[PDB]
Structure formats: C-alpha cells, structure tokens
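What follows is one chain in structure tokens, specifically the form deposited in one PDB entry.
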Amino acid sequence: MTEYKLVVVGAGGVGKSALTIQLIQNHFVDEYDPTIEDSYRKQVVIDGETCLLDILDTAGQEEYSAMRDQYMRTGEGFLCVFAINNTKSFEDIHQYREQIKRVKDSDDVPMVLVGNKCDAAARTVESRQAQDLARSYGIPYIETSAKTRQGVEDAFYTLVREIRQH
C-alpha cells in the first residue's frame, strides 16, 4: 500500500508530540518531555485510500536537535507547527521552512502551517497573521488543539492531500 512519510517540525514546546500522539494514539499528553527523534507508523484510510503513515516527530529544543537534518531528509511532507500563544514560535517558522528547503534541496516541498494550542487562553498569533504567512508560502494554514483534538486529523490528512498534489 501507499506510504506517506510525514515530518513534524517547529519550536520546542509547541505541541508536535502531543499532536502526533493524539492522531496515532487518541489521547492527550499533558506533560512536557522534550523529544529527540521519535517515529510512529499507522495504517489508516485517507480519502478511500488505505495507506501507511510514517510520522517523524522531531526535536524542537536545540539541545536535542543534533541529527534532525538527517532524519528529515526522507520526509515527503512537513507540518510546520507553532503555538498560537507563542509569538516567537511563529516567528521561528521561517527557519524551519528554510531547513526543509535545505534538506530537500527544493523550494517546492509539501507543507502545512499548523497553529496549535488553539484551545489556549492567551492568543498572540491572530488567525489572519498565520493565514498570511501560509499564503506567502503557498500552503494551507490549519489550527489545531492536541488537547481537544480539534483539527488534528484535518492537519495531518491535509498534509497527505498536499503531498498528493506534487
């Protein structure tokens, strides 16, 4: 069956792991354990196609991010995650998009911009600001909450749909 290799990137603490774990394992991780490099694999049906998702959950903390570039190299599509209550994480997206361009040696890489923690109280990134960033890159913007599961399937399956357009 078809395999889609997805990679989740973004700053430390934005919820990359919680998003991935909510998708794959259907629960919310409340604690914060920084990731080095973890992978998940699950068979799903997306738009009628039975396929395998192979998801690489990467480090956002610089301390844990050593060989991240090498892990990312085989990714077919990337979630670029920030948190809507973390302006710096949004400002950092540019760096992740550049890193993706370097590891894929392409300026045409399937990507989705994800504004996570949309359940949070202290929003500092307004939807329109993120829509504009995504528009600049030619990619969709989706908001998610790993806590409530809002948007989580939509985000990952949208990334698959973006891969399928390349």
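Here, rigid core means the biggest group of C-alpha atoms that superpose within 1.5 Å across both forms. Residue indices: 1-based, along the sequence shown.
One more form of this protein should be noted, the form deposited in another entry, which is absent from this view; the next part is about it.
In a rigid-core overlay of the protein, residue 54 has its C-alpha displaced by under 2 Å between the shown form and the other one. In a rigid-core overlay of the protein, residue 27 has its C-alpha displaced by at least 2 Å between the shown form and the other one.
Relative to the superposed rigid core, residue 39 undergoes a CA displacement of at least 2 Å between the shown form and the other one. Cα of residue 33 to Cα of residue 127: at least 3 Å longer in the other entry than in the shown structure. In comparison with the shown form, the Cα-Cα distance of residue 10 and residue 37 increases by at least 3 angstroms in the other entry.
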